[PDB]
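Structure, as structure tokens:
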Amino acid sequence: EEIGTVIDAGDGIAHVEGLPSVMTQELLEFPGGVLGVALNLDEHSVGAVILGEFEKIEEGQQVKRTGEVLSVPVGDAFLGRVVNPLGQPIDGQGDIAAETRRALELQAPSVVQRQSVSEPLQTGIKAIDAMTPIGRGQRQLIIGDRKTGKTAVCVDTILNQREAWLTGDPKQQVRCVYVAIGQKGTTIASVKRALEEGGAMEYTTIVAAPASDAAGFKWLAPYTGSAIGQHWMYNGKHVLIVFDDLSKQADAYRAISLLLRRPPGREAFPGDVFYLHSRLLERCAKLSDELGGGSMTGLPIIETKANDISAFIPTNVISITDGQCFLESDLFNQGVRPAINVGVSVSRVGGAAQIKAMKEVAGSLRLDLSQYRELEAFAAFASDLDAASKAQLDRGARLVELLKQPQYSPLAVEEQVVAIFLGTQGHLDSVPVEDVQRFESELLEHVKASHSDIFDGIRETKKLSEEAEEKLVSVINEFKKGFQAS
Amino acid sequence: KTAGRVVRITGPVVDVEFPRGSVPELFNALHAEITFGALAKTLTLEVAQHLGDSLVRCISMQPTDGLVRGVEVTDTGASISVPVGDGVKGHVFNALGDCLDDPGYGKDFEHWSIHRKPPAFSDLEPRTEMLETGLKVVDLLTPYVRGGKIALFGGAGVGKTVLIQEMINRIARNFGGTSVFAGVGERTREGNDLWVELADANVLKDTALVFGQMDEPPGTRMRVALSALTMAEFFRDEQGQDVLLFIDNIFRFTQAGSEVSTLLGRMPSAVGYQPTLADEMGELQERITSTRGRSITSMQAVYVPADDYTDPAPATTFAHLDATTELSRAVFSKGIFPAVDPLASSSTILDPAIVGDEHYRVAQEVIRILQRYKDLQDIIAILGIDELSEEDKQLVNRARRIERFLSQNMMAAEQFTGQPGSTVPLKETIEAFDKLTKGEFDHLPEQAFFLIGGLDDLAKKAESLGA
Amino acid sequence: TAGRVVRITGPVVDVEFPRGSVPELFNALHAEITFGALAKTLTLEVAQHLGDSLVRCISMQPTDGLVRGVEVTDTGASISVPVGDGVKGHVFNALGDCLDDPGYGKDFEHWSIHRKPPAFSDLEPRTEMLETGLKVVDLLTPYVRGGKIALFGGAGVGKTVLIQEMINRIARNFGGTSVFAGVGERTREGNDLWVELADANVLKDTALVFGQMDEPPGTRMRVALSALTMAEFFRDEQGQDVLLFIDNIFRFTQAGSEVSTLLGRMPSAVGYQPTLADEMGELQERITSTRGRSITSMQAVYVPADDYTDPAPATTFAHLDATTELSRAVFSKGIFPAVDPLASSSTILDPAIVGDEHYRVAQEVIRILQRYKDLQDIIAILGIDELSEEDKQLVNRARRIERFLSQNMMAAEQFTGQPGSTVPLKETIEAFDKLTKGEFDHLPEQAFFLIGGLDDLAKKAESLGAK
Amino acid sequence: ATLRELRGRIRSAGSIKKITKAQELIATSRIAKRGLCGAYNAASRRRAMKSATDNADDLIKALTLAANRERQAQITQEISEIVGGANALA
Ligand SMILES: Nc1ncnc2c1ncn2[C@@H]1O[C@H](COP(=O)(O)OP(=O)(O)OP(=O)(O)O)[C@@H](O)[C@H]1O
Ligand SMILES: Nc1ncnc2c1ncn2[C@@H]1O[C@H](COP(=O)(O)OP(=O)(O)OP(=O)(O)O)[C@@H](O)[C@H]1O
Ligand SMILES: Nc1ncnc2c1ncn2[C@@H]1O[C@H](COP(=O)(O)OP(=O)(O)O)[C@@H](O)[C@H]1O
Ligand SMILES: [Mg+2]
Ligand SMILES: [Mg+2]
Ligand SMILES: [Mg+2]
């Protein structure tokens with residue numbers, strides 16, 4: 001029965017003497033139910049990070065070693081609940097019937113335990129689903145200045161899984177884990193309200209470490225959410241985890257490391273901050289069929305300042321993930337919503353994360369838009385543009401309008417295919433730019449009402465057959481005959 | 001025993017040795033005496049760390065000049081506590097709860113510890129209810145939230161305090177509830193001016209003023225906000241009052257924390273700030289909130305060091321807010337008051353589902369025009385407007401008129417200009433900016449749009465200018 | 001005569017041994033983690049002799065669950081990996097364990113992963129072009145058979161896609177052995193490469209060694225040495241031509257920087273370890289052809305934050321025979337491969353080796369592109385019409401040249417949906433000679449985007465209404 | 001990347017200044033004997049290009065001051081990180 005003693009304490013860090021057999025990363029019990037984690041083990045003492053309510057810690061208090069590393073409860077009961085980084089409910093809805101427990105620091109699937117990302121994870125957002133497609137098992141970074149719509153993209157993605165959930169089929173369902181790190185409490189409540197209004201709490205768990213929480217909780221919260229999601233992933237389920245946001249977790253980890261007097265590096269961050277994020281994000285994986293074929297898709301969020309993507313943490317996370325959607329306030333204010341900077345945003349999985357029809361109608365959309373932006377900048381003050389350049393500019397303007405999309409307005413994959421088809425096949429070239437949006441919507445509605453077979457074919461077969469394409473061209477021309485261009 | 005003794009003094013930080021078994025708890029208030037004549041006083045120390053070997057490190061609320069090693073330190077057994085109740089209204093307090101306008105007042109009141117947990121997450125409810133101000137720019141682009149958190153960011157001398165006075169005038173005067181003002185690390189003469197102005201406007205009887213200003217040790221400048229928030233929390237949780245909480249300036253709380261962290265021997269974070277910057281801001285801000293059925297409308301001024309909006313202090317403050325008015329030095333240089341950056345400012349309720357489709361559409365059009373105008377500044381700086389396309393020239397003239405019309409003659413600006421302020425109904429603001437974006441005033445000269453109220457003011461000013 | 005763990009801080013472990021049994025530097029030691037969930041055998045590498053029979057070591061696996069005072073065993077040797085023809089077709093980790101068939105290679109000959117580089121007198125400069133079929137590479141950054149090639153770039157500019165392209169074009173028909181070292185990169189990418197090599201039937205000739213970015217710093221430090229030891233065995237013992245691919249070598253340096261301060265080293269500029277250049281020199285100088293023994297090595301070099309002045313890429317530049325430098329600016333324009341023709345270089349691009357015609361055409365392309373870069377800001381502000389006639393002609397030519405340097409790659413079809421192409425060097429030289437003379441000035445610039453040779457150009461031009 | 005962007009802007013402004021000064025001198029010559037003529041459409045080219053050259057000079061000056069502030073600040077921040085690491089290892 002080893003019992004240590006608090007030899008000093010302060011700022012959510014304690015130093016404990018004794019406990020000769022304590023493990024690294026072991027969970028420690030301080031009196032009054034306070035919990036800590038042993039991080040620094042040296043001959044003199046143990047450095048411990050207190051996981052909340054450290055104001056009760058005192059010199060001389062007895063510290064008991066629980067004999068277990070950081071672990072959290074896991075199971076289906078967590079769906080629809082708000083919990084803290086220890087898995088403890090905070091929504092006031094009673095206990096959570098855990099299926100089992102899971103250590104936070106379990107190794108990610110090996111290179112031979114995986115299979116290539118091949119299944120789409122539809123966000124419902126044309127820009128993302130067409131130009132930066134996300135597959136199941138992918139890590140797509142949502143990065144941008146504040147108020148650029150990062151949380152909007154992630155919450156819309158969670159909401160867009162409602163139909164898949166209603167299918168009832170585990171191969172189609174996606175279970176969502178939303179991790180709120182350092183957010184104000186009312187903001188988390190508003191995200192929860194948005195999910196509830198959209199029917200997403202049926203399949204969503206929130207791991208919340210609000211700004212009032214100890215830096216230990218903010219450091220742990222992504223790992224807790226990851227463990228919860230991994231329990232489902234290793235059981236054949238598909239999971240989507242959102243980290244909102246990893247910058248705050250990096251800050252919390254830096255605070256902890258500096259308080260433990262570990263030597264600092266760039267921007268005073270600890271040496272292993274990149275390792276923190278990389279170990280976190282490599283647990284998002286697409287498992288091999290031998291392991292059940294489950295997947296966890298990561299949507300980390302990074303906030304930059306002054307669009308400076310060359311800061312330390314943004315650089316780390318960009319180098320970790322399978323692509324990124326760069327959101328920019330300049331694009332946002334210009335009406336480009338989602339404010340995705342096409343030139344520098346990319347998905348490292350590509351067409352494998354798209355259905356065949358989408359890959360067909362959007363194979364070169366991102367490159368075309370990058371070239372269009374280049375030409376628009378270059379030809380800004382040209383007075384005599386040639387025919388080819390003028391055609392490219394007009395097409396690009398129509399495509400940019402096509403990719404604009406309001407919040408809380410998901411498009412089913414078949415509808416996205418039809419819209420991108422309108423764009424890239426030249427059917428918008430006769431429509432005035434300012435009408436494109438309206439045209440698109442109207443056209444889709446029309447197809448929805450009298451030609452739902454096109455949507456049904458795209459949905460069932462994941463393809464646009466030649467006959468269906470001819471029918472769609474005919475329907476588009478007939479609709480154009482009557483469309484009223486303001 | 002039970003009594004400690006000073007072992008180390010390093011500025012406003014004191015190390016105190018206590019007997020075994022009598023080490024005070026974190027945040028306990030201890031008392032020491034300085035006897036040297038001119039500086040004689042009772043120091044209130046706040047336990048900040050347990051150093052080991054029965055030593056504690058404490059932050060002094062008063063300057064430690066004249067303190068001697070070995071003097072006796074007594075543990076009150078509790079943290080700093082301030083008077084609460086209806087009686088704090090109409091009175092000025094320091095960070096310790098002492099009444100300055102009437103020494104000894106409030107000693108018999110109920111006393112609340114200044115440290116406490118924020119509301120439980122289950123009690124938090126998002127607030128989406130516009131708090132109309134009558135300021136065109138705020139109402140259109142950054143609508144304030146009733147029961148929400150508003151911040152006014154800005155560099156030195158760009159108008160944060162004048163805008164706080166404006167919002168006290170527009171919101172506190174007609175307020176049916178209680179008001180709390182926290183002067184944090186700001187000018188003492190500004191505190192005196194506010195006290196006198198509130199007395200003149202008869203708003204003082206409804207207002208509790210708490211001041212820990214510039215000429216204070218960093219501990220007091222760190223704790224005064226908590227003391228004022230404790231009074232506000234009493235009003236919110238014990239009386240069901242709607243509470244207005246004004247803080248000027250919360251950056252000073254962060255800066256005092258940085259000074260103290262340096263004095264406590266902690267390893268610095270980026271830009272020399274305390275490692276616990278985000279944690280401290282989180283504790284304070286999370287306490288500053290409404291709860292289900294209990295409203296606190298909080299407005300905070302946030303200084304921006306060296307006009308650097310990337311500085312860690314404002315950067316961590318941004319996340320805690322429902323509405324953010326960013327004052328710009330560039331806008332200020334144009335003479336535009338309030339010196340709001342219409343592109344950088346934001347509001348969580350500026351979305352169509354809350355403010356309606358027309359308000360949202362007009363705001364988005366204004367923002368698009370201003371953004372386009374900003375994008376063209378590279379060309380304009382060199383060549384002027386004469387090289388742009390016809391569409392861009394039209395947009396630039398529109399944008400100049402819009403940016404001028406976002407200015408307003410404020411109620412609190414009379415003292416500087418002698419011109420009485422104006423109040424613009426939100427509906428008139430929406431209509432006026434719709435017409436502006438549509439080009440219905442493209443013929444009027446630019447100056448007609450400068451520092452005025454609604455459309456009648458624009459008509460009168462343009463007529464005075466000949467248009 | 002075993003040691004015991006004294007201190008544990010992240011991936012660095014202090015171990016005390018009996019006097020006279022201190023393990024030699026770089027020796028591998030074994031320690032047990034017995035906690036059931038994390039139970040494993042840690043391999044520690046001795047980094048320093050701290051004195052008093054204490055050694056500081058770097059763990060190869062995560063130290064979570066490790067306990068102070070547990071037994072540490074000295075293997076008496078450095079980390080060693082299996083070598084021989086048997087490593088072909090199999091996937092290993094930095095420690096030599098086979099991932100695809102655990103236990104495989106246990107009985108092979110084993111070689112320490114720490115080794116001195118070849119002697120200077122054994123070094124022979126390599127000047128022989130390695131034709132790839134990529135227009136930009138073959139024209140402006142010609143690769144060297146048996147030489148050192150690097151792809152520099154910021155995050156996500158196409159280093160990995162180009163590495164896979166070079167595995168496709170060079171390794172598929174290689175008559176020797178290939179070694180791929182995944183150094184601190186994505187596990188998904190490793191699985192993709194493994195499957196793709198199996199599909200291409202190139203795996204049977206390829207040894208894969210993976211240490212992923214999710215591994216502790218020690219593994220990311222040593223995986224490159226392990227792969228390089230396998231390659232060195234093929235170079236010096238089997239005496240066959242070897243292809244060595246490393247993605248990403250910067251991770252090596254980064255891993256070394258992650259443990260530097262934990263090892264007690266004062267940081268150098270930009271947060272790097274003081275030993276940056278020296279450790280890089282050891283490793284890189286081992287990656288070389290010797291007289292009669294060829295290693296063609298291709299290294300992806302991450303450029304932090306796109307900053308080519310960063311000490312890591314700046315120090316790496318001195319180790320290469322050819323450098324293809326990828327640019328974010330080029331990437332964002334949609335030009336793939338995102339090669340910066342002005343910044344890239346090759347030591348065999350001179351008339352003596354590549355011939356007068358190739359050198360002349362390459363120099364003319366560089367001159368035109370440099371002039372276009374110089375004129376870009378003017379075109380942005382004042383517009384193209386204010387250029388002289390010759391400058392307008394040069395700008396049109398340069399836009400076509402920069403587009404024609406882009407190419408549809410075999411490895412890119414997963415992204416574009418377009419199948420790749422290969423262009424012979426003679427055709428590339430002739431096409432760019434014609435382009436620099438303005439022979440294609442009449443075709444739309446969009447005709448030159450992401451195509452192969454002149455036949456592709458003609459077809460795309462006719463698709464665009466030109467000819 | 002701030003300093004790199006500022007230096008790119010300084011180069012751009014310098015080139016613009018050179019071109020506008022050349023154009024102003026050419027316009028001077030043409031006076032004795034397109035749309036870069038200031039408010040003419042809304043001699044004039046000479047005045048407009050003199051104005052543009054002065055504006056580019058002012059822009060270069062301001063950008064150079066900003067670049068020097070950034071250069072000094074980067075030196076100071078780098079030293080701060082280096083000395084912080086050294087102190088923590090003290
Ligand atoms: N597609 C969209 N169309 C229109 N408005 C949008 C869209 N996406 C987001 N918004 C609005 O933009 C604002 C920013 O959204 P959001 O909160 O998701 O951004 P953020 O980058 O996560 O912000 P923060 O820095 O506050 O966390 C909100 O008003 C949101 O309603
Ligand atoms: N609306 C206004 N109309 C006219 N003058 C104004 C207005 N607002 C501010 N000023 C002028 O600017 C000065 C500074 O304003 P204010 O004190 O509100 O700035 P601040 O941002 O709080 O400054 P500081 O950082 O110094 O505390 C005012 O004293 C007055 O001179
Ligand atoms: N040749 C190419 N053609 C089209 N897209 C490309 C090409 N090369 C890269 N990309 C896009 O850019 C992304 C980055 O490629 P990758 O090589 O993984 O980046 P890095 O340079 O970081 O290794 C790819 O996933 C792909 O989407
Ligand atoms: Mg957000
Ligand atoms: Mg002020
Ligand atoms: Mg890569």
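Proteins get letters first, then strands, A, B, ... in listed order; numbering begins at 1 in each. What you see below is based on every heavy atom in this structure, not just the backbone, and it leaves out hydrogens, waters and symmetry mates. Start at 1 and go down the list; that is how both ligands and their atoms are numbered.
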Worked check of side chain to side chain donor-acceptor pair (under 3.5 Å) between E186(B) and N249(B): CA-CA 7 Å; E186(B) 275 318 276; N249(B) 188 291; 5.0 Å; no
Test item: side-chain donor near acceptor, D145(A) and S329(A), under 3.5 Å: no
Salt-bridge contact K184(A)-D322(B) (side-chain N to carboxylate O under 4.0 Å): yes
Pi-cation contact, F252(C) with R220(C) (under 6.0 Å, within 45°): no
Residue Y302(C), metal the Mg ion (ligand 6), N/O/S under 2.8 Å: no
Contact flag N249(B)/the Mg ion (ligand 5), N/O/S atoms, threshold under 2.8 Å: no
N/O/S atom of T187(A) inside 2.8 Å of the Mg ion (ligand 4), strictly under: no
